[PDB]
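Chains E and D are the protein sequences, given in the same order. Going letter by letter, the first sequence gives residues 291 to 845, 852 to 897 in the deposited numbering. Going letter by letter, the second sequence gives residues 696 to 713, 724 to 834 in the deposited numbering. Built from N, CA and C at the ideal position, the CB exists for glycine as well. Notes to accompany the following structure.
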Amino acid sequence: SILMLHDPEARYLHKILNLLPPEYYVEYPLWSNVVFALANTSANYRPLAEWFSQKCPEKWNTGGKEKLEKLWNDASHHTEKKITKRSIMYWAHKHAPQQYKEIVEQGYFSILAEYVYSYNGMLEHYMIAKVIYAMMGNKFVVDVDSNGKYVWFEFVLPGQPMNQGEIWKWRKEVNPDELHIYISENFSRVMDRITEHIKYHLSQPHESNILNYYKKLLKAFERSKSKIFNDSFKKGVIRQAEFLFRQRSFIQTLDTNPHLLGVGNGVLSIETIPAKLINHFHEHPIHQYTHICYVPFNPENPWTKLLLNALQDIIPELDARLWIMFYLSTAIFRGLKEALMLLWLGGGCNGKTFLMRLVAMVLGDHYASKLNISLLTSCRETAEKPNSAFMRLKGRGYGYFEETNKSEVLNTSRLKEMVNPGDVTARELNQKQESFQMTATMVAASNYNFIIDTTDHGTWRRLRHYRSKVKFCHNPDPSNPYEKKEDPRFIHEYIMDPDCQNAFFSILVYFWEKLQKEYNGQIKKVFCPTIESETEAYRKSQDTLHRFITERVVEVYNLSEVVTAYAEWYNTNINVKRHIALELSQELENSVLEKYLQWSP
Amino acid sequence: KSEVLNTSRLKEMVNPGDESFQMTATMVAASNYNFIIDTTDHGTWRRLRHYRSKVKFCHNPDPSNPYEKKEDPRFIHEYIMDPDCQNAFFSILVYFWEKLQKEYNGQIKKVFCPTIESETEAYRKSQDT
Ligand SMILES: Nc1ncnc2c1ncn2[C@@H]1O[C@H](COP(=O)(O)OP(=O)(O)NP(=O)(O)O)[C@@H](O)[C@H]1O
Ligand SMILES: [Mg+2]
């Protein structure tokens, strides 16, 4: 009340909070959240925080000063993720209609009347922009992009035309059409209020010059009233309001929190266990989304049983099934992950494409996409205008590769450009140079083997492998438990079906929360004898020197002709490669070949 | 893999001469494999310094060897994105810059580190074909 004279917006907030039909505050538990909203949002209101506490129906006034005792102690509070006054704006708006609305138009009319009175009934772009920003300031936001071009974002609400599944989220608009419709529809009511106010004053008894002044004002306002609908005037008003709606540091703070997923029925939160769905008002800056509705995991659903049976069919090994599901569970999380990546091959009709594609299109194009094999096949790095395919992983958490023409040797150098959870820079199509954040669960499956071509620690630790065990053929001959019939309905349909995708998403989130509760969070804790044994068998293979030791080494010599024997060991039987390893390769010289123990030239 | 020096633009990079641009940066290279140098002239060998790391991190520390220690996954998986750790490291770096500024004048070819010269001379004894 000391600062009551200043900031009529304080009066506006007071009248807004006066329309709380039930006892909203109760006590500070379950309601301190709103208190924090006021505290953090109402910064300048350090004394008005205590003043509102005094006004709180269950507080110091009712002897409940201990309720705020845990609330004014953190006066500065060093605020974390912030609640906004728009949250306060939301209730007493969608909880107690009228009254609140009436004071809202009262404030609008006050501002517009002040502007009209000050400048003798002449209206320009900036005045309308101020009124509009004070009139719809909680639904639109403007921020300059990387290319130096401003963009418009609008919060979506139920009951209005929209694309499918973009509810409770922020949409990008090249032009705020709804803003034009609004300024051409709702603002005319305020202008009519101004006109009737002028008429009411005109009807009152006054001196002759007062009536002449009011007649001149009415004529000027009538002249200026039709300007609110002209195209150029509206465009200029939008251009002026552009500056008012600008909010610094918005685009770079969009879709940054990896614990929130944009789904078709709101936003999915995985901060706690169990994961909760926010299908109501919020304030998180979420723009990217997938069109998959989220439902709690339930095995009783027929599609869930069908999918579980399908996973059993594809992966006979229970431990391999569990490990694969746990690894795929990390696709939803868009944060930093352990440096793991696997491959798995097999014969035709194995079922790779079904599972990989289903995961890819259930995570959505925004969070997952298919990437070309040449992105890592090509060892040559791009200098200017890097790969736009290399830019497909921006924000994406999943990517799969199915393209191999016979055996292929990978770079083993650009792997750490994609496996290390660190940073890497890439320049987009004709816009600017930027940097990445390596957060993506990548997979690669196709026929034929992969040539690692190297024997080093690291890349070997940061890699896994698997092989198929079931084949589908139209001849399901008996005595072959690994041979099963085909279900072309699985690939041609059953994927475009939304219900199957929803069931798979439920299974995936259940597996993610299972990996969350047990094994802590790390993935290098689950025990899988099959996968580890297969990976160490792949370790034994592709290591030519080890096979040479195993079968050629029995029970001058200082690499003078040992290098020639090595270049004949594998570079003759198999075409030929440049074997530059020599005494320079002291690890090879001191490998198991050193069992001769001949350290003498 | 092991890499061979090519004595191309090694002189250009080190040289402080002024498209064209200056090089007001500190350049360093490291690898797990020995480098190969073909040139012999004193022009390149008048500069450059070699060193060999001794301690190696192994989660299974073999006895009778102080070069085993252990792998700290928390040093890489985290402790890097921490603002506080970066602030402390920056403070240490500026403190060491001040240390180099107050003593030994400012030039770096004034502090005596006999280990580094001995190791560089030993390395130059190697690669002498
Ligand atoms: N559990 C299952 N039971 C029966 N049929 C299935 C099952 N899963 C997939 N199929 C079918 O098996 C066929 C194999 O599909 P697909 O994934 O394209 O084979 P693929 O091995 O992954 N690709 P490719 O290796 O090049 O032949 C499709 O017709 C699927 O509908
Ligand atoms: Mg397939």
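- Here DSSP, grouped into helix, strand and coil, assigns E:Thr731 to strand.
- For E:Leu835, no CB of chain D lies under 8 Å from its own CB, so it is not counted at the interface with that chain.
- Interface criterion not met: the Cβ of E:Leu544 is under 8 Å from no Cβ in chain D.
- Spanning the alpha carbons of D:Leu753 and E:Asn886 requires a straight line of approximately 30 Å.
- The closest CA to that of D:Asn770, considering only D:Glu783, D:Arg779, D:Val760 and D:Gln832, is found on D:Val760.
- The beta carbon of E:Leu880 falls within 8 Å of a beta carbon belonging to chain D, placing the residue at that interface.
- The beta carbon of D:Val709 sits closer than 7 Å to those of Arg752, all from its chain and outside the five residues before and after it, given in chain order.
- For D:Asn739, the chain E residues whose C-beta falls within less than 9 Å of its own C-beta are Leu880 and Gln882, listed in chain order.
- Contact annotation, E:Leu700 with E:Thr672: C-beta distance approximately 17 Å; criterion of less than 8 Å not satisfied.
- Counting along the chain, E:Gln344 sits inside the alpha helix (DSSP H) bounded by residues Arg336 to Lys345.
- A distance criterion of 7 Å places the beta-carbon of E:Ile785 beyond contact range of ligand 1, judged by its closest non-hydrogen atom.
- Of the candidates E:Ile870, E:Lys349 and E:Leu889, E:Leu889 places its Cα closest to the Cα of E:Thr840.
- Bridge partners of E:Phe762 according to DSSP: E:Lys774.
- For ligand 1, no non-hydrogen atom lies closer than 7 Å to the CB of E:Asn695.
- One residue after another in chain order, those with a Cβ under 5 Å from a heavy atom of ligand 1 are E:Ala600, E:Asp603, E:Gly638, E:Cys639, E:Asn640, E:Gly641, E:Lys642, E:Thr643, E:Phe644, E:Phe762, E:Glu776, E:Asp777, E:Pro778, E:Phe780 and E:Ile781.
- When beta bridges are read from the DSSP output, E:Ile568 appears opposite E:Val557.
- Between the alpha carbons of D:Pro768 and D:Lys774 lies a distance of about 10 Å.
- Residue pairing by DSSP puts E:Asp433 in a beta bridge opposite E:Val441.
- Look at E:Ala877 here: in three-state DSSP terms it is coil, with no helix or strand label.
- Rounded to whole angstroms, E:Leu558 and E:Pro564 show a C-alpha spacing of 11 Å.
- Between the C-alpha atoms of E:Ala510 and E:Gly411 there is a straight-line separation of about 5 Å.
- Taking every protein chain shown into account, the CB of E:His764 has fewer than 16 other CB atoms within 10 angstroms, so this residue is exposed.
- Per the Cβ contact rule, the region 388-406 of chain E is not in contact with the region 353-371 of chain E (fewer than 3 Cβ pairs under 8 Å).
- Residue contact check for D:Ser736 against chain E: no CB pair falls below 8 Å.
- E:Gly689 is classed as buried because its beta carbon has at least 16 other beta carbons within 10 Å across all chains shown.
- Here the region 630-649 of chain E makes contact with the region 732-744 of chain E; the two share three or more CB pairs at distances below 8 Å.
- For E:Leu633, the uninterrupted beta strand (DSSP E) segment begins and ends at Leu632 to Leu635.
- The straight-line gap separating the alpha-carbon atoms of E:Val316 and E:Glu348 is approximately 7 Å.
- Interface annotation for the region 760-790 of chain D against chain E: empty, criterion Cβ-Cβ distance under 7 Å.
- Between D:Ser703 and chain E, the shortest Cβ-Cβ separation is not below 8 Å.
- In terms of beta-carbon proximity, D:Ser697 lines the interface with chain E, with at least one pair separated by less than 8 Å.
- The residue from E:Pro466, E:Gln494, E:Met426 and E:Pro448 with its alpha-carbon nearest to that of E:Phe477 is E:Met426.
- Here the alpha carbons of E:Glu845 and D:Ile741 stand approximately 34 Å from one another.
- With a cutoff of 8 Å on beta-carbon distance, E:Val432 and E:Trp442 are scored as near each other.
- Ranked by how close their Cα comes to the Cα of E:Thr580, the residues E:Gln396, E:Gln530 and E:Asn453 have E:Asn453 in first place.
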